[PDB]
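**Student:** Following this message is one structure expressed as structure tokens.
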Amino acid sequence: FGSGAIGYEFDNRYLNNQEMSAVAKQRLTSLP
Amino acid sequence: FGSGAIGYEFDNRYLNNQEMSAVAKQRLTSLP
Amino acid sequence: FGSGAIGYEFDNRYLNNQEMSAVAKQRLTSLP
Amino acid sequence: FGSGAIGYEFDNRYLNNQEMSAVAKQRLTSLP
Amino acid sequence: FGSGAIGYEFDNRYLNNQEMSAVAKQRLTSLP
Amino acid sequence: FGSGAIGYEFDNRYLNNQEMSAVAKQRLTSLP
Amino acid sequence: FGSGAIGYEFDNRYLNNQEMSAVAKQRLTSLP
Amino acid sequence: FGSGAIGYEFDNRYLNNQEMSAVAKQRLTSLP
Amino acid sequence: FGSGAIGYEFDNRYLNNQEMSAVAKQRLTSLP
Amino acid sequence: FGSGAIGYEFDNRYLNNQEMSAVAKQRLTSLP
Amino acid sequence: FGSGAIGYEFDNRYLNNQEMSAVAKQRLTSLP
Amino acid sequence: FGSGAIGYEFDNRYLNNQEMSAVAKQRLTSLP
Amino acid sequence: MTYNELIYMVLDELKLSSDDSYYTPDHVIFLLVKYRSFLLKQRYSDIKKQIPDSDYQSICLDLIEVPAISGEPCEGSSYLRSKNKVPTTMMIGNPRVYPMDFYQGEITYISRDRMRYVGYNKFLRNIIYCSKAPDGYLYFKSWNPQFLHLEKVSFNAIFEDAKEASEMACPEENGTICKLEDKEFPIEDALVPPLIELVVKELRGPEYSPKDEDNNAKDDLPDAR
Amino acid sequence: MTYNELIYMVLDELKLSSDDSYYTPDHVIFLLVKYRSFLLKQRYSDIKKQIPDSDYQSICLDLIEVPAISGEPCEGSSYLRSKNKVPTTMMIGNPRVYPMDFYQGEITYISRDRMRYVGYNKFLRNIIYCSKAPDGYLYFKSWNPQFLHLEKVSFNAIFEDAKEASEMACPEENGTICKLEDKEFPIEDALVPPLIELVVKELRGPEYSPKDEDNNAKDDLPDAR
Amino acid sequence: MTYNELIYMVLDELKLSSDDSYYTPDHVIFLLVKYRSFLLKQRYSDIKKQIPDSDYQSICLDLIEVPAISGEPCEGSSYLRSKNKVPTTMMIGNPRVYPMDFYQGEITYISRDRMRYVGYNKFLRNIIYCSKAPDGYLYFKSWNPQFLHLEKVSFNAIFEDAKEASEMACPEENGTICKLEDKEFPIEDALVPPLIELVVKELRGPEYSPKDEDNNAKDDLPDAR
Amino acid sequence: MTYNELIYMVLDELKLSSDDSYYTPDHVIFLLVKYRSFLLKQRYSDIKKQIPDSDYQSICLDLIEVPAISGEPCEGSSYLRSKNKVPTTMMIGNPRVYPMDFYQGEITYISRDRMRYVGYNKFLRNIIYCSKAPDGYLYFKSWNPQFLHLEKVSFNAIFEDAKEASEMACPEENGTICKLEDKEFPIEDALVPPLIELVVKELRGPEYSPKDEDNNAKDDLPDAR
């Protein structure tokens with residue numbers, strides 16, 4: 001039939017884990 | 001038919017393994 | 001049927017996490 | 001037909017191996 | 001039916017992210 | 001039909017190769 | 001139907017990024 | 001029809017190469 | 001129906017970038 | 001229809017190169 | 001229809017590009 | 001219909017490039 | 001389990017009940033023994049493991065002193081050999097010849113290519129060696145002349161043929177078993193569900209396969225008769 | 001097993017029971033022998049492994065002293081060569097020419113191209129060398145003139161054609177085996193389930209393939225007759 | 001195996017039994033020889049392997065003394081050349097010219113391009129050289145005038161055309177073999193099931209392909225007649 | 001193989017048996033020659049390989065002395081050129097212009113654009129060069145005025161049009177082959193099965209295409225006549 005309250009909360013949370021993975025690789029580097 | 005009590009706990013557990021893989025990349029670096 | 005206010009959000013969010021992962025690999029070099 | 005007592009125990013096993021592969025990456029870093 | 005004003009701006013955003021991920025590997029290397 | 005004693009022993013063997021691939025990454029780190 | 005004016009400019013755009021990732025690897029090496 | 005004495009040994013030989021590679025990554029490390 | 005002027009130069013350009021990627025990994029080494 | 005005189009050796013040669021690449025990772029590790 | 005002079009040279013060029021990449025990993029190791 | 005003089009020489013040339021990349025990994029380790 | 005339990009579980013899974021069937025229980029005795037050694041070489045030949053005590057059979061042997069080639073004098077020392085041919089063992093277990101007690105005596109079963117140069121080290125000149133020649137017989141050779149007095153040895157290994165080795169099998173305390181079907185099948189019970197599945201899959205396709213039913217001096221298999 | 005247990009399993013898996021059938025045992029003897037060398041090369045040429053005793057066959061040989069070329073004196077020295085042609089050996093096992101005792105004798109089966117420069121060391125001047133020349137016979141050479149008194153040798157190796165090497169087989173203890181199908185088929189039992197499967201997959205396609213049955217001066221195979 | 005075993009095992013696989021068929025055995029003799037040198041080049045040309053003896057053929061040659069260009073004095077030295085054109089050898093074996101004895105003599109087969117600069121090193125001045133000219137004849141060249149007395153050589157190689165080398169083959173002890181289908185086919189037994197599979201697939205498509213049977217002065221192939 | 005054996009294997013595989021067919025052997029002669037040069041450029045131009053003696057054709061040339069432009073004195077030294085045009089070589093083999101004998105003489109076939117600046121080095125003033133000009137003739141140039149006394153050279157290379165080089169082929173020992181189809185097709189046997197397959201696939205689709213069959217001043221191809 002139709003319901004979207006777990007299809008929303010799982011594909012939101014997948015892009016959360018995809019976003020936290022991208023911001024875990026951000027570096028402000030040193031030794032210029 | 002339908003039952004969402006084994007599929008939900010596996011889809012939610014799959015998103016835990018990506019989150020712990022995402023928080024295992026979080027580093028506060030040194031040598032500045 | 002049809003409504004695209006969640007798929008527009010979820011593809012825009014995927015293109016944000018892809019773009020924020022791309023600019024995370026950007027460096028300005030520090031050797032002569 | 002259907003009986004998923006074995007397909008349960010493989011997905012529960014494979015999600016453990018994704019969980020072990022995540023927590024084998026966890027470090028407490030040093031050198032500050 | 002058809003309307004291509006979102007699939008255009010999702011693909012031209014998708015190829016923008018592969019464009020920045022191309023130029024983020026470009027370095028002018030040293031120590032000759 | 002059905003005879004499922006070789007798809008069981010091969011799925012158990014593939015997840016046995018995944019458990020060794022995870023526990024070959026596990027490190028008890030030094031130089032603190 | 002048929003129209004190939006956006007399917008061309010996107011497939012040409014994709015092959016640029018395959019080239020720009022390939023020419024970002026080219027090196028004239030040193031230390032012999 | 002049916003015969004499964006070559007699809008067994010081609011799937012079994014596929015599983016030797018996974019675990020033979022998995023034990024090839026096993027290191028009892030040193031230098032504390 | 002038939003036209004092969006766009007599919008040829010798109011597939012040739014895809015096989016071009018594989019050649020440009022392969023020649024960037026070629027190295028004549030040193031330090032013996 | 002069926003003849004497995006060439007499908008055998010094309011699958012058998014593929015499992016050889018996996019076994020050949022498995023043993024090419026094998027090291028007896030030094031600096032204890 | 002049938003004509004095979006473009007799919008043959010594209011598949012040859014693909015195995016060329018899988019060969020130039022594979023043979024550019026032929027290293028004769030030094031410092032022994 | 002049938003003609004298999006080209007898929008034989010393309011799957012063998014695929015598996016010859018796989019062997020040549022597998023034997024490009026074989027190292028005899030020094031400094032023990 | 002015996003052969004009789006294993007022959008009939010393949011037959012009951014294929015539902016080969018009638019006496020007027022195409023696939024007799026001698027088709028299954030052929031396919032069980034050949035898929036026993038297929039399944040045994042799959043598991044235990046890649047990386048060495050623990051073999052159970054189920055895969056072994058103890059067979060009894062009576063030995064006779066044979067010359068080297070002929071009755072010519074300068075050919076060499078004599079051998080012992082069995083009267084009958086010994087089944088070919090596999091190279092995955094612990095093949096072991098023993099003088100009717102398992103926990104006594106060192107009669108070293110070795111390969112046929114090693115035994116042509118053996119017994120030259122001065123401490124290994126009291127040890128009896130075993131190998132199966134290309135004649136089919138098991139040959140015995142030692143530099144100690146007392147080895148020519150063996151009358152009876154027993155042989156425990158993983159043989160390639162479970163049927164050929166069950167026929168030379170040792171006598172019981174009760175007595176000999178007349179029929180083959182009341183002897184134990186030598187495979188571990190953790191390999192019997194894969195053993196039955198491979199034999200059933202080999203025969204289930206040919207079970208429902210068409211036959212040349214008509215006698216008409218013509219091959220009627222293209223017509224699916 | 002014999003040939004008969006392997007010929008009549010491939011037939012009974014294909015249900016080729018009638019005498020008025022297209023594919024006879026003469027088709028299956030070819031396909032069992034040709035697929036045996038296919039299967040042994042695929043398993044034992046990648047890396048070097050232990051070869052079981054079953055794949056080898058011992059043949060018996062009669063040698064005759066033949067010249068180098070002809071009756072001229074300045075052509076070279078003479079050789080020994082077998083009377084009849086020998087089968088071509090696969091390069092996977094331990095080929096072994098032995099003077100009728102497997103555990104004795106040093107007759108060295110080498111390549112044909114090595115044998116033209118051999119025995120030039122002062123210590124290897126008494127060793128008998130064998131190789132199969134392009135005549136198809138087994139030639140024998142030494143710098144020791146005593147080797148020309150060899151009347152009989154054997155040859156235990158993995159031959160390519162098992163049907164040729166079964167015909168020249170060594171005599172048994174009971175006597176010669178007159179039928180080819182009453183001799184043992186030389187492949188390990190762990191390779192028989194992939195050997196039978198390749199042959200049945202090879203013939204089941206043609207088994208239901210149409211024929212040109214009409215005697216009407218026309219090819220009816222495009223019409224699926 | 002012979003040609004007759006290999007020709008008919010394709011024909012019995014394509015079920016081409018009738019004399020009123022489109023594909024005669026001569027279609028198969030052409031396709032087996034072209035798919036042999038196809039198959040030897042996939043296996044034995046990529047990296048260097050061992051070559052079995054089964055792929056080689058010996059042909060026997062008659063050499064005649066020919067001048068370089070014509071009967072002029074200031075052209076250059078004269079050659080020997082074979083009487084008939086020789087087959088072109090594939091570059092994957094050990095092509096070997098031998099003076100009717102494989103284990104003797106150094107007649108060194110080299111390329112056509114190398115042989116024009118050869119023999120200048122003063123220890124290589126008694127060695128006879130072979131190559132195949134663009135005529136098709138095997139030319140012989142050496143700086144020793146004793147080489148012009150050769151009346152006969154042989155030539156063991158892996159040839160491209162197996163038919164061209166079966167017609168020029170060496171006579172046996174019984175004698176020459178007239179019928180080409182009685183001669184031995186030169187491919188290893190480990191390569192025949194890949195060889196039979198391709199030549200069947202070459203023709204199993206066209207074996208069911210429609211023909212223009214109607215004589216009506218019109219192309220009827222688009223009408224599927 | 002010959003031309004006749006190669007065309008008639010495409011014709012029999014396409015089943016082009018009638019006289020009244022849309023496709024000729026002249027269609028297949030065009031396609032077997034274009035797909036010969038297609039196929040050799042695919043194999044032998046990525047990385048350098050050994051090209052066998054099968055792909056080469058030797059053609060005979062008759063040389064005439066021609067001037068540079070016209071009969072004027074202040075232009076340059078006169079060249080030699082062939083009486084006839086030359087087929088274009090491929091850049092994959094070893095082209096070789098030889099004075100009716102392969103193993104002798106250094107006439108150096110170089111490119112058309114190297115040869116305008118050649119022969120200035122004082123040790124290369126006796127070397128005769130060749131190249132195919134945009135005229136289509138093979139022009140010769142040397143600083144030694146003895147080079148104008150050549151009358152006949154032969155040219156062995158891998159030409160693009162195998163049909164063109166088979167008209168200029170050298171006369172044999174018997175005599176020049178009158179018919180083209182009885183000449184030898186220049187490709188190795190390792191490349192005949194893809195050369196047949198690419199030509200069979202090229203024409204089989206167009207073999208069953210509908211024709212504009214009705215003569216009615218109208219295109220009957222959209223109706224698939």
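Note on naming: chains are A, B, ... as they come in the structure tokens, residues start from 1 per chain, ligands start from 1 in the order shown.
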Which residues of chain J are close to chain N, meaning at most 12 Å apart when you count only C-alpha atoms, and how do they look as a VMD selection string?

**Tutor:** chain J and resid 1 to 20 23

**Student:** Selection from above, N, CA and C atoms, as an mmCIF file, in the first residue's frame, can you write it?

**Tutor:**
data_model
loop_
_atom_site.group_PDB
_atom_site.id
_atom_site.type_symbol
_atom_site.label_atom_id
_atom_site.label_comp_id
_atom_site.auth_asym_id
_atom_site.auth_seq_id
_atom_site.Cartn_x
_atom_site.Cartn_y
_atom_site.Cartn_z
ATOM 1 N N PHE J 1 22.900 -24.516 -26.565
ATOM 2 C CA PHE J 1 22.420 -25.804 -26.076
ATOM 3 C C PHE J 1 23.265 -26.247 -24.890
ATOM 4 N N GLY J 2 24.381 -26.910 -25.176
ATOM 5 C CA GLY J 2 25.342 -27.198 -24.133
ATOM 6 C C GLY J 2 26.611 -27.887 -24.586
ATOM 7 N N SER J 3 27.745 -27.335 -24.153
ATOM 8 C CA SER J 3 29.052 -27.989 -24.209
ATOM 9 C C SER J 3 29.962 -27.229 -23.260
ATOM 10 N N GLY J 4 30.508 -27.917 -22.267
ATOM 11 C CA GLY J 4 31.266 -27.213 -21.260
ATOM 12 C C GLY J 4 32.753 -27.457 -21.348
ATOM 13 N N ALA J 5 33.282 -27.602 -22.553
ATOM 14 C CA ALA J 5 34.707 -27.846 -22.710
ATOM 15 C C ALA J 5 35.529 -26.574 -22.747
ATOM 16 N N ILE J 6 34.896 -25.413 -22.875
ATOM 17 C CA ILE J 6 35.607 -24.145 -22.963
ATOM 18 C C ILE J 6 35.094 -23.254 -21.839
ATOM 19 N N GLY J 7 33.834 -23.451 -21.452
ATOM 20 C CA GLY J 7 33.333 -22.806 -20.253
ATOM 21 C C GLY J 7 33.953 -23.333 -18.975
ATOM 22 N N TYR J 8 34.463 -24.568 -18.995
ATOM 23 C CA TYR J 8 35.202 -25.094 -17.852
ATOM 24 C C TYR J 8 36.524 -24.366 -17.685
ATOM 25 N N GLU J 9 37.327 -24.316 -18.748
ATOM 26 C CA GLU J 9 38.672 -23.779 -18.614
ATOM 27 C C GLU J 9 38.675 -22.266 -18.496
ATOM 28 N N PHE J 10 37.638 -21.587 -18.979
ATOM 29 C CA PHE J 10 37.583 -20.142 -18.786
ATOM 30 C C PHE J 10 37.209 -19.780 -17.360
ATOM 31 N N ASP J 11 36.477 -20.655 -16.678
ATOM 32 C CA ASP J 11 36.210 -20.455 -15.262
ATOM 33 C C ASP J 11 37.356 -20.985 -14.414
ATOM 34 N N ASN J 12 37.995 -22.067 -14.861
ATOM 35 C CA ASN J 12 39.124 -22.629 -14.127
ATOM 36 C C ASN J 12 40.340 -21.715 -14.183
ATOM 37 N N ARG J 13 40.547 -21.033 -15.312
ATOM 38 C CA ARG J 13 41.667 -20.106 -15.427
ATOM 39 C C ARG J 13 41.422 -18.845 -14.614
ATOM 40 N N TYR J 14 40.157 -18.459 -14.439
ATOM 41 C CA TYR J 14 39.848 -17.303 -13.603
ATOM 42 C C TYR J 14 40.131 -17.580 -12.135
ATOM 43 N N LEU J 15 39.900 -18.807 -11.681
ATOM 44 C CA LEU J 15 40.211 -19.146 -10.303
ATOM 45 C C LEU J 15 41.696 -19.371 -10.093
ATOM 46 N N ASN J 16 42.449 -19.626 -11.165
ATOM 47 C CA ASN J 16 43.900 -19.705 -11.048
ATOM 48 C C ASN J 16 44.495 -18.339 -10.759
ATOM 49 N N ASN J 17 44.029 -17.307 -11.467
ATOM 50 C CA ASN J 17 44.554 -15.959 -11.280
ATOM 51 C C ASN J 17 44.156 -15.367 -9.936
ATOM 52 N N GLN J 18 43.047 -15.827 -9.351
ATOM 53 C CA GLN J 18 42.718 -15.432 -7.986
ATOM 54 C C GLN J 18 43.656 -16.092 -6.985
ATOM 55 N N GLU J 19 43.942 -17.382 -7.179
ATOM 56 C CA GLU J 19 44.920 -18.080 -6.352
ATOM 57 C C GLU J 19 46.325 -17.536 -6.581
ATOM 58 N N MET J 20 46.623 -17.113 -7.808
ATOM 59 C CA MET J 20 47.918 -16.516 -8.108
ATOM 60 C C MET J 20 48.055 -15.138 -7.469
ATOM 61 N N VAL J 23 48.368 -15.701 -3.293
ATOM 62 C CA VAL J 23 49.706 -16.033 -2.823
ATOM 63 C C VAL J 23 50.717 -14.923 -3.058
#

**Student:** What are the nearest atom pairs, with distances in Å to one decimal, for all residues of chain L that come at most 6 Å from chain J, using only C-alpha atoms, set out by chain and rising residue number as a tab-separated table?

**Tutor:**
residue	atom	partner	partner_atom	distance
L:19	CA	J:17	CA	5.6
L:22	CA	J:21	CA	5.1
L:25	CA	J:24	CA	5.8
L:26	CA	J:24	CA	4.9
L:32	CA	J:30	CA	5.4

**Student:** For chain P, which residues have at least one atom within 9 Å of chain O, if we go by only C-alpha atoms? Write them as an MDAnalysis selection string, please.

**Tutor:** chainID P and resid 1 5 9 12:22 50 52:54 56:58 94 99:105 156 170 172 188:193 197 207:211

**Student:** Hand me chain P as it sits after a least-squares fit onto chain O over every Cα, paired in order, written as a short mmCIF file (atom, residue, chain, number, x, y, z; two decimals) with C-alpha atoms, in the first residue's frame.

**Tutor:**
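Written file, selection_2.cif:
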data_model
loop_
_atom_site.label_atom_id
_atom_site.label_comp_id
_atom_site.auth_asym_id
_atom_site.auth_seq_id
_atom_site.Cartn_x
_atom_site.Cartn_y
_atom_site.Cartn_z
CA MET P 1 44.05 -40.22 -32.39
CA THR P 2 43.90 -40.06 -36.18
CA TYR P 3 42.35 -37.69 -38.68
CA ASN P 4 39.48 -40.15 -39.21
CA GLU P 5 38.68 -40.29 -35.49
CA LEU P 6 38.61 -36.49 -35.28
CA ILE P 7 36.52 -35.63 -38.35
CA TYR P 8 33.98 -38.31 -37.52
CA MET P 9 33.47 -36.87 -34.04
CA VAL P 10 32.55 -33.48 -35.48
CA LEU P 11 30.34 -35.12 -38.12
CA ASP P 12 28.54 -37.26 -35.54
CA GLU P 13 28.13 -34.34 -33.16
CA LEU P 14 26.77 -32.13 -35.95
CA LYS P 15 24.77 -35.20 -37.13
CA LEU P 16 26.02 -34.82 -40.71
CA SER P 17 25.21 -38.42 -41.57
CA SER P 18 23.61 -38.30 -45.02
CA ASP P 19 25.50 -38.40 -48.28
CA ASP P 20 23.26 -35.58 -49.52
CA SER P 21 24.27 -32.93 -46.98
CA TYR P 22 25.55 -29.42 -47.58
CA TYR P 23 28.67 -30.10 -45.49
CA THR P 24 31.39 -32.61 -46.25
CA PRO P 25 34.34 -34.03 -44.34
CA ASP P 26 36.24 -31.60 -46.59
CA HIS P 27 34.58 -28.73 -44.73
CA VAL P 28 35.68 -30.19 -41.40
CA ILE P 29 39.26 -30.93 -42.57
CA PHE P 30 39.56 -27.22 -43.38
CA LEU P 31 38.15 -26.18 -40.02
CA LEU P 32 39.98 -28.70 -37.84
CA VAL P 33 43.29 -27.51 -39.30
CA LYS P 34 42.58 -23.78 -39.02
CA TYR P 35 41.24 -24.19 -35.48
CA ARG P 36 44.29 -26.26 -34.57
CA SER P 37 46.61 -23.36 -35.38
CA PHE P 38 44.14 -20.86 -33.91
CA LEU P 39 44.14 -22.75 -30.64
CA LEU P 40 47.89 -23.34 -30.28
CA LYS P 41 48.58 -19.65 -30.92
CA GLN P 42 46.03 -18.78 -28.22
CA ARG P 43 47.62 -21.01 -25.57
CA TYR P 44 51.32 -20.92 -26.33
CA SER P 45 52.13 -17.32 -27.32
CA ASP P 46 51.42 -15.15 -24.27
CA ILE P 47 53.95 -16.68 -21.86
CA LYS P 48 56.33 -19.51 -22.61
CA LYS P 49 55.23 -23.05 -21.80
CA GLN P 50 56.13 -26.69 -22.35
CA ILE P 51 54.80 -27.86 -25.71
CA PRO P 52 54.37 -31.66 -25.76
CA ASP P 53 55.53 -34.13 -28.40
CA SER P 54 51.94 -34.25 -29.73
CA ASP P 55 51.88 -30.95 -31.63
CA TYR P 56 55.00 -31.72 -33.70
CA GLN P 57 55.16 -33.28 -37.16
CA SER P 58 58.37 -34.49 -38.80
CA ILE P 59 58.53 -34.02 -42.58
CA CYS P 60 61.19 -35.38 -44.92
CA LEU P 61 63.00 -33.13 -47.39
CA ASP P 62 65.11 -33.76 -50.49
CA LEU P 63 67.84 -31.19 -51.00
CA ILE P 64 69.16 -29.90 -54.33
CA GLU P 65 71.98 -27.45 -54.96
CA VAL P 66 70.60 -24.19 -56.34
CA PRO P 67 72.50 -20.97 -57.13
CA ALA P 68 71.79 -17.57 -55.64
CA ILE P 69 70.04 -15.95 -58.62
CA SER P 70 71.21 -17.43 -61.93
CA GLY P 71 74.31 -19.15 -63.27
CA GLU P 72 76.67 -16.18 -63.00
CA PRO P 73 79.99 -16.32 -61.09
CA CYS P 74 80.02 -12.89 -59.43
CA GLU P 75 76.91 -13.40 -57.27
CA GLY P 76 77.70 -15.53 -54.21
CA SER P 77 78.05 -19.04 -52.90
CA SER P 78 75.37 -21.52 -53.91
CA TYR P 79 72.67 -22.64 -51.51
CA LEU P 80 70.85 -25.86 -50.92
CA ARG P 81 67.09 -25.89 -51.10
CA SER P 82 64.32 -28.44 -50.88
CA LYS P 83 62.72 -29.93 -53.96
CA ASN P 84 59.29 -28.95 -52.59
CA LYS P 85 57.81 -26.07 -50.66
CA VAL P 86 57.79 -26.23 -46.86
CA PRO P 87 54.80 -25.67 -44.55
CA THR P 88 55.11 -22.57 -42.41
CA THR P 89 56.13 -23.16 -38.82
CA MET P 90 54.59 -21.47 -35.85
CA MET P 91 56.81 -19.46 -33.53
CA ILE P 92 55.87 -21.38 -30.38
CA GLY P 93 57.79 -24.68 -30.37
CA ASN P 94 61.35 -25.87 -30.89
CA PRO P 95 61.84 -26.28 -34.65
CA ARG P 96 64.62 -28.70 -35.44
CA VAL P 97 66.08 -29.75 -38.79
CA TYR P 98 67.83 -33.05 -38.23
CA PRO P 99 69.68 -35.42 -40.60
CA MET P 100 67.18 -38.33 -40.38
CA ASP P 101 68.12 -38.79 -36.69
CA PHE P 102 66.80 -36.43 -34.03
CA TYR P 103 69.59 -36.82 -31.48
CA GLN P 104 72.50 -35.85 -33.69
CA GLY P 105 73.90 -33.01 -35.76
CA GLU P 106 73.49 -29.24 -35.45
CA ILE P 107 71.55 -27.87 -38.40
CA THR P 108 70.15 -24.61 -37.09
CA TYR P 109 66.71 -23.45 -38.27
CA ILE P 110 66.72 -19.67 -37.90
CA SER P 111 64.56 -16.90 -39.32
CA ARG P 112 64.67 -15.69 -42.92
CA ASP P 113 65.89 -12.23 -41.91
CA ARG P 114 68.68 -13.29 -39.56
CA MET P 115 70.25 -15.55 -42.18
CA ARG P 116 71.32 -12.85 -44.63
CA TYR P 117 73.93 -11.84 -42.03
CA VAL P 118 75.11 -15.13 -40.50
CA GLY P 119 78.23 -17.26 -40.43
CA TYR P 120 80.79 -14.49 -39.99
CA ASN P 121 81.94 -15.55 -36.52
CA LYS P 122 84.99 -17.77 -36.93
CA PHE P 123 83.65 -20.57 -34.69
CA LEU P 124 80.29 -20.82 -36.50
CA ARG P 125 81.68 -21.54 -39.96
CA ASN P 126 80.77 -25.23 -39.85
CA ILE P 127 77.14 -24.73 -38.81
CA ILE P 128 74.46 -25.30 -41.43
CA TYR P 129 71.51 -22.95 -41.20
CA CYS P 130 67.93 -23.15 -42.46
CA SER P 131 65.14 -20.68 -43.15
CA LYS P 132 61.95 -20.49 -45.19
CA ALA P 133 62.37 -17.85 -47.88
CA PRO P 134 59.43 -15.94 -49.43
CA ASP P 135 59.82 -18.41 -52.31
CA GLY P 136 58.33 -20.94 -49.89
CA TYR P 137 61.38 -23.22 -50.02
CA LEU P 138 63.79 -24.02 -47.20
CA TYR P 139 67.15 -22.54 -48.18
CA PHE P 140 70.42 -23.58 -46.56
CA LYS P 141 73.63 -21.62 -46.14
CA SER P 142 76.98 -22.42 -44.58
CA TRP P 143 80.57 -21.27 -44.94
CA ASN P 144 81.82 -24.85 -44.95
CA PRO P 145 81.72 -26.18 -48.55
CA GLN P 146 81.04 -29.67 -47.13
CA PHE P 147 77.43 -28.63 -46.47
CA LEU P 148 76.47 -29.11 -50.13
CA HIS P 149 76.80 -32.89 -49.76
CA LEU P 150 73.55 -33.22 -47.82
CA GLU P 151 70.92 -35.24 -49.63
CA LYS P 152 68.13 -35.69 -47.10
CA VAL P 153 67.08 -33.83 -43.96
CA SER P 154 64.00 -34.01 -41.78
CA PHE P 155 62.15 -31.12 -40.18
CA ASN P 156 60.30 -31.40 -36.87
CA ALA P 157 58.26 -28.37 -35.78
CA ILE P 158 54.73 -27.12 -35.14
CA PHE P 159 53.52 -26.28 -38.62
CA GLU P 160 50.61 -23.97 -39.35
CA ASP P 161 48.82 -26.16 -41.89
CA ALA P 162 48.71 -29.63 -40.37
CA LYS P 163 47.21 -30.75 -43.68
CA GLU P 164 50.33 -29.58 -45.53
CA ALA P 165 52.84 -31.31 -43.26
CA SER P 166 50.84 -34.53 -43.37
CA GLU P 167 51.42 -34.85 -47.11
CA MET P 168 55.19 -34.51 -46.67
CA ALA P 169 55.25 -36.91 -43.72
CA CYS P 170 58.07 -39.41 -43.40
CA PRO P 171 57.57 -43.01 -44.56
CA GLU P 172 56.92 -45.40 -41.69
CA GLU P 173 58.44 -48.83 -41.04
CA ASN P 174 55.59 -50.44 -42.98
CA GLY P 175 55.21 -47.84 -45.71
CA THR P 176 53.75 -44.46 -46.51
CA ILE P 177 50.08 -44.18 -45.54
CA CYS P 178 48.18 -43.65 -48.78
CA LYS P 179 45.00 -42.14 -47.33
CA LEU P 180 45.21 -38.82 -45.51
CA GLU P 181 42.46 -39.65 -43.00
CA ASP P 182 44.43 -42.59 -41.59
CA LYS P 183 47.29 -40.27 -40.58
CA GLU P 184 47.73 -38.85 -37.09
CA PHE P 185 46.20 -35.49 -36.26
CA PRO P 186 48.86 -33.39 -34.46
CA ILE P 187 47.23 -31.95 -31.36
CA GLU P 188 47.40 -33.00 -27.72
CA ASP P 189 44.45 -34.68 -26.05
CA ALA P 190 44.22 -31.76 -23.62
CA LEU P 191 43.16 -29.56 -26.57
CA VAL P 192 40.81 -31.92 -28.45
CA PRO P 193 37.63 -30.92 -26.47
CA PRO P 194 37.98 -27.19 -27.28
CA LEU P 195 39.02 -28.00 -30.85
CA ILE P 196 35.86 -30.06 -31.37
CA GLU P 197 33.66 -27.48 -29.62
CA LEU P 198 34.93 -24.54 -31.68
CA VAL P 199 34.44 -26.49 -34.92
CA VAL P 200 31.01 -27.82 -33.86
CA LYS P 201 29.90 -24.29 -32.88
CA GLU P 202 31.28 -22.93 -36.17
CA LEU P 203 29.16 -25.15 -38.41
CA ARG P 204 26.02 -25.78 -36.33
CA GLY P 205 24.65 -22.28 -36.91
CA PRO P 206 25.29 -22.53 -40.65
CA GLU P 207 24.00 -26.13 -40.52
CA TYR P 208 20.40 -24.97 -40.04
CA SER P 209 20.52 -21.86 -42.22
CA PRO P 210 18.02 -21.77 -45.10
CA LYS P 211 19.14 -22.41 -48.66
CA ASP P 212 18.30 -20.81 -52.01
CA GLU P 213 16.40 -23.94 -52.95
CA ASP P 214 14.11 -22.88 -55.80
CA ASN P 215 15.65 -22.66 -59.29
CA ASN P 216 13.77 -19.62 -60.55
CA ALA P 217 16.45 -17.01 -61.51
CA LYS P 218 15.81 -15.23 -58.22
CA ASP P 219 17.36 -14.98 -54.77
CA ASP P 220 15.08 -16.92 -52.40
CA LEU P 221 17.25 -16.28 -49.32
CA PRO P 222 15.33 -13.15 -48.12
CA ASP P 223 12.27 -15.44 -48.05
CA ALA P 224 14.29 -18.11 -46.14
CA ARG P 225 13.72 -20.97 -48.58
#

**Student:** Mind listing the alpha helix (DSSP H) residues of chain I, per DSSP on the backbone, as a PyMOL selection string?

**Tutor:** chain I and resi 6-22
